[PDB]
Structures are given as structure tokens and as C-alpha cells.
Amino acid sequence: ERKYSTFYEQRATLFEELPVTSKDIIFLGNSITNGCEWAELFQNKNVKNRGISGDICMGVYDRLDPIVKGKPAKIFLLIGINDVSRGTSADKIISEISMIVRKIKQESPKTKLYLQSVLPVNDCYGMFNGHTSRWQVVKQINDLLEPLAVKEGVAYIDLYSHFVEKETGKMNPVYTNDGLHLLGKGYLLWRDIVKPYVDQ
Amino acid sequence: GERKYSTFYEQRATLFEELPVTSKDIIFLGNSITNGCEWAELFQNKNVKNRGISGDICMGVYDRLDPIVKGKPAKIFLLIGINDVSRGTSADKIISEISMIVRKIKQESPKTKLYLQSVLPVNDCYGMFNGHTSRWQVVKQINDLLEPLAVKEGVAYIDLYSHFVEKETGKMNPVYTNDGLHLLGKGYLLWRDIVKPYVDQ
Ligand SMILES: [Mg+2]
Ligand SMILES: [Mg+2]
């Protein structure tokens with residue numbers, strides 16, 4: 001909306017005022033990143049939120065500078081579900097994620113970059129139909145995102161296999177109250193999956 | 001619309017239920033104006049924690065005190081009411097509900113220092129959140145009563161409003177906002193400057 005536009009500039013202007021240091025562990029993405037208290041979840045003061053609700057691949061791309069100038073230890077990226085909601089193809093989304101990977105590697109070569117599987121979605125709550133109705137695209141993106149990681153020599157994290165239900169290909173509803181965002185237990189699963197990579 | 005705000009509240013609330021609160025913790029508690037900051041970064045203080053929920057109202061804050069107060073935090077910083085203003089709620093009923101937050105906090109964690117922060121001015125200039133912005137006058141009505149309440153209950157009143165407002169208009173200085181309601185980074189630096197002395201008492 002005009003709200004997501006305005007919220008973007010609020011969060012982006014704030015991040016411009018906060019220093020990133022070489023010890024930092026950045027979580028970078030859309031609402032699913034924005035929704036967490038990352039330092040609390042890992043109990044690690046070097047872990048920082050660079051999530052913006054409604055963010056898309058090129059929104060993340062356009063605000064790398066206040067993050068990369070700090071040369072953080074780690075970036076955990078989760079992006080693309082909002083690009084799905086706009087009818088963008090997995091291939092187009094992969095090309096944009098490529099720009100982010102290559103920009104990070106060039107501006108901050110020492111940063112460990114971890115590409116996180118797009119999370120599954122679920123239309124069972126009848127919300128975010130632009131997202132939940134393109135549930136098949138989640139798999140499409142990750143089947144390309146993993147080889148993108150191998151080619152660019154960066155880690156791929158499979159969150160998807162944990163959050164997904166075997167026989168639907170949709171978000172386990174115990175992780176979500178809308179089919180898109182995580183409840184507490186959703187972030188506790190994330191924590192258990194990614195924790196070993198926060199402590200590499 | 002209100003469904004996304006309702007589900008977002010349960011999302012933030014259930015996460016806070018999994019996040020332990022301790023005797024050293026400094027809590028920023030309130031609505032999207034609290035939610036929007038990275039508090040521990042703003043104050044370079046690992047003890048400072050975000051319990052902001054976009055869209056929250058006084059009774060939404062009241063109903064979620066348990067997982068904050070049971071850890072007996074060092075400080076709570078409260079900023080709440082503008083979403084109640086947006087529902088046509090009177091400054092009197094708002095104060096009434098803020099008074100129940102204050103007594104629950106004292107009762108459950110009496111060593112917790114509580115700080116009551118002036119409700120921030122709004123500005124209809126951007127034509128956004130017209131529920132909030134048309135009612136810019138109700139801001140100062142709440143604050144006229146909020147300072148005497150603090151004094152009554154023996155808790156701090158922090159005046160943010162006098163720094164954010166344009167005295168000529170009675171509205172949010174557009175330099176701190178792109179929508180009439182929420183803060184730009186600059187907005188949060190002005191907030192830090194005002195509150196850091198209370199954060200470090
Ligand atoms: Mg559920
Ligand atoms: Mg402005």
C-alpha cells in the first residue's frame with residue numbers, strides 16, 4: 001500500500017542511523033524476518049533485525065548499503081514471498097536474489113551469507129490469497145535457490161522441510177494463524193534449524 | 001483488515017510468551033510506534049527489549065502483561081492510546097485503562113520502575129490514518145490527564161510530545177514522520193535523546 005511504501009522508508013531511515021559492526025549477525029527479509037526479536041530468540045546481543053514487512057527482492061537490494069558498510073559476520077536472508085504475491089515468476093525472483101548475493105560478496109567478502117528457503121504458505125485461514133493461492137511457487141523458487149547457493153559458494157538453509165506438511169505442500173497450521181506469518185512456536189522451530197549456523 | 005491486526009497481535013504475543021524476561025530488562029511496551037524501533041541497538045544496551053505490537057490498544061497491553069511482569073523487569077517504558085483515539089475512545093476512558101495498566105504493574109512487580117510517556121502528536125498533512133489524524137486534538141487531552149495520573153501513582157511522566165510537536169499547529173512536526181503518525185529514524189534519535197537519562201537511572 002502507501003502504508004508499506006511509508007513503513008519501508010521508516011524502517012530503512014532507522015537502519016541508516018544504527019551502526020553495523022564486523023561481529024553482527026543480520027537477519028534480512030520481509031515481515032517473517034521483521035516479526036521476531038532476534039537477539040532474544042538466540043540470546044545473542046550481536047544478532048540484529050533488518051526485516052521490513054511488505055519487502056520484496058529489490059527493496060532488500062536497494063538498502064544493502066547501511067548493512068554491507070558494517071562488514072557483518074553473517075547475513076541470514078529470507079526474501080521473495082511478496083514478489084510471489086505480485087505474480088512475479090520464480091526465475092525473475094531468482095535473478096533478483098542473485099543481485100543481492102553478488103552485491104553482498106563484492107561489498108563485504110568476509111560476510112558468511114546464508115540463503116534461507118522461502119517458507120511454505122497455507123490458504124486454510126483464507127487470508128493473504130495473493131500469497132496462499134501461489135503456494136506451488138514456493139517449491140519452484142527453492143529448487144532454484146539451492147543451486148544458486150552452490151554456484152555462488154554460499155550456504156542454503158532448508159527451513160521449508162520442517163515447516164511444510166508432507167501431503168499438502170502447505171504450511172503446517174501449528175506454525176501460523178494466517179497461512180503466511182509465524183506464531184511463537186514458528187520462530188522456535190526456525191531457532192532450532194538455524195541455531196548451529198549462528199554458533200559456525 | 002482488523003483480522004490482520006488481530007492475527008499480528010497473537011503472533012507478537014505468543015513470541016513474547018517464549019522470550020524470558022529478567023530483573024535487568026528494560027522494556028519498551030506499546031503500539032506500532034514502539035514496535036518500529038530496534039531498541040537494544042538505539043540505546044546500545046543488550047538489556048533493552050521490544051514489546052511493541054502494531055495496532056495495540058490499552059486493553060491489548062493490559063491483557064499481555066503476564067509474560068512481561070512475571071520476569072520483574074528493571075524498567076517498563078509505556079506508550080499507548082493513539083489507536084484508542086482512532087476508535088473514537090474519549091481521553092477519560094483511555095486514562096482509566098492506562099490507570100489499570102499502572103496498578104497491575106505495581107501489584108505484580110513493585111520494584112519495576114514504570115515510565116508513562118506522553119502520547120505523541122499526529123498530523124493529517126499526509127492524509128493518512130484519518131481515524132488518528134482528524135483527532136489530533138485528543139492527544140493533548142490525554143496528556144493533560146496522563147501527567148497528574150503519573151504523580152498520583154508515584155511513576156515517571158516523560159514528556160516526548162513537547163519535543164515532537166509544532167507549537168504553532170498542535171500537530172506532529174513533519175520532519176519526524178512520512179505519514180502523520182509513525183517515526184522516521186530521526187524521530188527515534190529525538191526519542192532516544194529524551195529518554196536515555198531514564199534508561200541509564
Ligand atoms: Mg494455527
Ligand atoms: Mg516528513
# chains A, B, ... in the order shown; residues from 1 in each chain; ligands from 1
>>> residues_near_ligand(ligand="ligand 2", cutoff="7 Å", atoms="only C-alpha atoms and all ligand atoms", output="list in words")
residues 174, 175, 176, 177 and 178 of chain B
>>> closest_atom_pairs(of="chain B", to="ligand 1", cutoff="12 Å", atoms="only C-alpha atoms and all ligand atoms", output="JSON lines")
{"residue": "B:7", "atom": "CA", "partner": "ligand 1", "partner_atom_place_in_ligand_line": "1 (Mg)", "distance": 10.2}
{"residue": "B:10", "atom": "CA", "partner": "ligand 1", "partner_atom_place_in_ligand_line": "1 (Mg)", "distance": 10.6}
{"residue": "B:11", "atom": "CA", "partner": "ligand 1", "partner_atom_place_in_ligand_line": "1 (Mg)", "distance": 10.3}
{"residue": "B:14", "atom": "CA", "partner": "ligand 1", "partner_atom_place_in_ligand_line": "1 (Mg)", "distance": 11.7}
>>> atom_distance(atom1="atom CA of residue B:184", atom2="atom CA of residue B:141")
24.9 Å
>>> residues_around(residues="stretch 139-149 of chain A", least_positions_apart="6", cutoff="10 Å", atoms="only C-alpha atoms", output="list in words")
residues 80, 81, 84, 89, 90, 91, 92, 93, 94, 95, 97, 98, 101, 113, 114, 115, 116, 117, 118, 119, 120, 155, 156, 157, 158, 160 and 169 of chain A
>>> residues_around(residues="residue A:60", least_positions_apart="5", cutoff="8 Å", atoms="only C-alpha atoms", output="list in words")
residues 28, 29, 55 and 100 of chain A
>>> write_last_selection(atoms="N, CA and C atoms", output="short mmCIF file (atom, residue, chain, number, x, y, z; two decimals), in the first residue's frame")
data_model
loop_
_atom_site.label_atom_id
_atom_site.label_comp_id
_atom_site.auth_asym_id
_atom_site.auth_seq_id
_atom_site.Cartn_x
_atom_site.Cartn_y
_atom_site.Cartn_z
N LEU A 28 17.78 -10.62 7.53
CA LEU A 28 17.38 -9.71 6.43
C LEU A 28 16.19 -10.35 5.72
N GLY A 29 15.05 -9.63 5.62
CA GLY A 29 13.88 -10.11 4.87
C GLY A 29 12.72 -9.17 5.02
N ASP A 55 8.37 -6.21 2.32
CA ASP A 55 9.62 -6.04 1.50
C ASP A 55 9.68 -7.11 0.40
N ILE A 100 21.40 -9.57 -5.09
CA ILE A 100 21.70 -9.46 -3.62
C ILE A 100 22.92 -10.30 -3.21
#
>>> residues_around(residues="residue B:134", least_positions_apart="5", cutoff="9 Å", atoms="only C-alpha atoms", output="list in words")
residues 86, 122, 123, 124 and 129 of chain B
>>> atom_distance(atom1="atom CA of residue A:199", atom2="atom CA of residue A:75")
13.2 Å
>>> residues_around(residues="residue A:125", least_positions_apart="5", cutoff="9 Å", atoms="only C-alpha atoms", output="NGL selection string")
:A and (173 or 177-179)
>>> closest_atom_pairs(of="chain A", to="chain B", cutoff="10 Å", atoms="only C-alpha atoms", output="CSV")
residue,atom,partner,partner_atom,distance
A:2,CA,B:128,CA,8.7
A:3,CA,B:179,CA,8.1
A:5,CA,B:178,CA,9.8
A:6,CA,B:178,CA,6.3
A:7,CA,B:182,CA,8.2
A:8,CA,B:184,CA,9.9
A:9,CA,B:184,CA,7.3
A:10,CA,B:184,CA,4.6
A:11,CA,B:36,CA,7.0
A:12,CA,B:185,CA,8.0
A:13,CA,B:185,CA,5.0
A:14,CA,B:185,CA,3.7
A:15,CA,B:185,CA,7.4
A:16,CA,B:185,CA,7.6
A:17,CA,B:185,CA,6.5
A:18,CA,B:41,CA,6.6
A:19,CA,B:41,CA,8.2
A:20,CA,B:41,CA,9.6
A:34,CA,B:36,CA,9.3
A:35,CA,B:12,CA,7.0
A:36,CA,B:15,CA,7.5
A:37,CA,B:50,CA,7.3
A:39,CA,B:46,CA,8.2
A:40,CA,B:19,CA,6.5
A:41,CA,B:19,CA,6.8
A:42,CA,B:19,CA,9.9
A:43,CA,B:19,CA,9.3
A:44,CA,B:46,CA,8.7
A:45,CA,B:46,CA,5.7
A:46,CA,B:46,CA,9.0
A:48,CA,B:41,CA,8.1
A:49,CA,B:38,CA,7.3
A:50,CA,B:38,CA,9.1
A:52,CA,B:36,CA,9.5
A:127,CA,B:4,CA,8.3
A:128,CA,B:4,CA,9.2
A:175,CA,B:11,CA,9.9
A:176,CA,B:11,CA,8.1
A:177,CA,B:7,CA,6.2
A:178,CA,B:7,CA,6.8
A:181,CA,B:11,CA,7.7
A:182,CA,B:11,CA,6.4
A:183,CA,B:11,CA,4.5
A:184,CA,B:15,CA,3.7
A:185,CA,B:15,CA,7.4
A:186,CA,B:15,CA,8.7
A:187,CA,B:15,CA,7.4
A:188,CA,B:18,CA,8.1
>>> select_by_dssp(residues="chain A", states="alpha helix (DSSP H)", output="ChimeraX atom specification")
/A:2-15,31-34,38-42,57-61,65-68,81-85,90-107,129-132,136-152,160-163,184-199
>>> select_by_dssp(residues="stretch 42-192 of chain B", states="strand (DSSP E or B)", output="VMD selection string")
chain B and resid 48 to 52 75 to 79 113 to 117 156 to 158 165 to 166 171 to 172
>>> write_last_selection(atoms="N, CA, C and O atoms", output="PDB file, in the first residue's frame")
ATOM      1  N   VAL B  48      17.824  -3.913  26.822  1.00  0.00           N
ATOM      2  CA  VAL B  48      16.622  -3.158  26.351  1.00  0.00           C
ATOM      3  C   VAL B  48      15.863  -4.063  25.367  1.00  0.00           C
ATOM      4  O   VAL B  48      16.511  -4.651  24.461  1.00  0.00           O
ATOM      5  N   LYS B  49      14.551  -4.219  25.549  1.00  0.00           N
ATOM      6  CA  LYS B  49      13.768  -5.198  24.759  1.00  0.00           C
ATOM      7  C   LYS B  49      12.482  -4.596  24.194  1.00  0.00           C
ATOM      8  O   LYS B  49      11.877  -3.725  24.861  1.00  0.00           O
ATOM      9  N   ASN B  50      12.073  -5.068  23.005  1.00  0.00           N
ATOM     10  CA  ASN B  50      10.905  -4.567  22.228  1.00  0.00           C
ATOM     11  C   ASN B  50       9.685  -5.431  22.610  1.00  0.00           C
ATOM     12  O   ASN B  50       9.749  -6.644  22.414  1.00  0.00           O
ATOM     13  N   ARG B  51       8.635  -4.837  23.193  1.00  0.00           N
ATOM     14  CA  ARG B  51       7.315  -5.491  23.413  1.00  0.00           C
ATOM     15  C   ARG B  51       6.229  -4.627  22.766  1.00  0.00           C
ATOM     16  O   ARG B  51       5.054  -4.677  23.249  1.00  0.00           O
ATOM     17  N   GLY B  52       6.607  -3.893  21.701  1.00  0.00           N
ATOM     18  CA  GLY B  52       5.689  -3.262  20.731  1.00  0.00           C
ATOM     19  C   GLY B  52       4.868  -4.222  19.868  1.00  0.00           C
ATOM     20  O   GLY B  52       5.410  -5.270  19.364  1.00  0.00           O
ATOM     21  N   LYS B  75      12.821  -1.900  34.319  1.00  0.00           N
ATOM     22  CA  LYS B  75      12.060  -0.712  33.839  1.00  0.00           C
ATOM     23  C   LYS B  75      11.016  -1.135  32.798  1.00  0.00           C
ATOM     24  O   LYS B  75      11.310  -2.028  31.961  1.00  0.00           O
ATOM     25  N   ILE B  76       9.831  -0.537  32.844  1.00  0.00           N
ATOM     26  CA  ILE B  76       8.905  -0.513  31.670  1.00  0.00           C
ATOM     27  C   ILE B  76       8.694   0.921  31.226  1.00  0.00           C
ATOM     28  O   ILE B  76       8.438   1.782  32.100  1.00  0.00           O
ATOM     29  N   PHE B  77       8.832   1.145  29.912  1.00  0.00           N
ATOM     30  CA  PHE B  77       8.529   2.415  29.200  1.00  0.00           C
ATOM     31  C   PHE B  77       7.237   2.254  28.387  1.00  0.00           C
ATOM     32  O   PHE B  77       7.270   1.504  27.398  1.00  0.00           O
ATOM     33  N   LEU B  78       6.128   2.853  28.821  1.00  0.00           N
ATOM     34  CA  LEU B  78       4.785   2.688  28.201  1.00  0.00           C
ATOM     35  C   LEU B  78       4.498   3.838  27.273  1.00  0.00           C
ATOM     36  O   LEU B  78       4.612   5.004  27.707  1.00  0.00           O
ATOM     37  N   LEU B  79       4.124   3.510  26.037  1.00  0.00           N
ATOM     38  CA  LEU B  79       3.499   4.473  25.127  1.00  0.00           C
ATOM     39  C   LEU B  79       2.305   3.823  24.459  1.00  0.00           C
ATOM     40  O   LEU B  79       2.516   2.908  23.577  1.00  0.00           O
ATOM     41  N   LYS B 113      10.563   0.035  37.841  1.00  0.00           N
ATOM     42  CA  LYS B 113      10.343   1.478  37.559  1.00  0.00           C
ATOM     43  C   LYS B 113       9.437   1.549  36.331  1.00  0.00           C
ATOM     44  O   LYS B 113       9.848   0.979  35.294  1.00  0.00           O
ATOM     45  N   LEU B 114       8.272   2.204  36.436  1.00  0.00           N
ATOM     46  CA  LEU B 114       7.350   2.446  35.298  1.00  0.00           C
ATOM     47  C   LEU B 114       7.456   3.894  34.813  1.00  0.00           C
ATOM     48  O   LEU B 114       7.431   4.849  35.633  1.00  0.00           O
ATOM     49  N   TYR B 115       7.614   4.084  33.515  1.00  0.00           N
ATOM     50  CA  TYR B 115       7.645   5.426  32.884  1.00  0.00           C
ATOM     51  C   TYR B 115       6.473   5.519  31.927  1.00  0.00           C
ATOM     52  O   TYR B 115       6.424   4.709  30.960  1.00  0.00           O
ATOM     53  N   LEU B 116       5.643   6.538  32.161  1.00  0.00           N
ATOM     54  CA  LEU B 116       4.487   6.893  31.319  1.00  0.00           C
ATOM     55  C   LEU B 116       4.945   7.980  30.350  1.00  0.00           C
ATOM     56  O   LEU B 116       5.275   9.088  30.799  1.00  0.00           O
ATOM     57  N   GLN B 117       4.883   7.685  29.052  1.00  0.00           N
ATOM     58  CA  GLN B 117       5.375   8.582  28.001  1.00  0.00           C
ATOM     59  C   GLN B 117       4.167   9.283  27.400  1.00  0.00           C
ATOM     60  O   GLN B 117       3.208   8.624  27.087  1.00  0.00           O
ATOM     61  N   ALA B 156       6.962   7.752  36.781  1.00  0.00           N
ATOM     62  CA  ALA B 156       7.520   8.870  35.994  1.00  0.00           C
ATOM     63  C   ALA B 156       6.515   9.266  34.892  1.00  0.00           C
ATOM     64  O   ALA B 156       5.790   8.385  34.407  1.00  0.00           O
ATOM     65  N   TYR B 157       6.374  10.561  34.603  1.00  0.00           N
ATOM     66  CA  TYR B 157       5.827  11.083  33.328  1.00  0.00           C
ATOM     67  C   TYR B 157       6.998  11.552  32.477  1.00  0.00           C
ATOM     68  O   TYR B 157       7.735  12.341  32.952  1.00  0.00           O
ATOM     69  N   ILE B 158       7.173  11.014  31.282  1.00  0.00           N
ATOM     70  CA  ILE B 158       8.188  11.533  30.318  1.00  0.00           C
ATOM     71  C   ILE B 158       7.458  12.309  29.226  1.00  0.00           C
ATOM     72  O   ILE B 158       6.609  11.700  28.562  1.00  0.00           O
ATOM     73  N   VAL B 165       6.141  18.050  18.806  1.00  0.00           N
ATOM     74  CA  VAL B 165       5.009  18.909  18.351  1.00  0.00           C
ATOM     75  C   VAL B 165       5.555  20.188  17.721  1.00  0.00           C
ATOM     76  O   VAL B 165       6.664  20.647  18.111  1.00  0.00           O
ATOM     77  N   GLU B 166       4.800  20.705  16.757  1.00  0.00           N
ATOM     78  CA  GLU B 166       4.823  22.112  16.298  1.00  0.00           C
ATOM     79  C   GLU B 166       3.861  22.967  17.138  1.00  0.00           C
ATOM     80  O   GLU B 166       2.656  22.889  16.918  1.00  0.00           O
ATOM     81  N   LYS B 171       0.388  19.868  16.113  1.00  0.00           N
ATOM     82  CA  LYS B 171       0.498  18.628  15.305  1.00  0.00           C
ATOM     83  C   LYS B 171       1.964  18.199  15.184  1.00  0.00           C
ATOM     84  O   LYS B 171       2.902  19.021  15.418  1.00  0.00           O
ATOM     85  N   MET B 172       2.149  16.929  14.833  1.00  0.00           N
ATOM     86  CA  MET B 172       3.477  16.295  14.632  1.00  0.00           C
ATOM     87  C   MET B 172       4.262  17.165  13.650  1.00  0.00           C
ATOM     88  O   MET B 172       3.717  17.567  12.608  1.00  0.00           O
TER      89      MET B 172
END
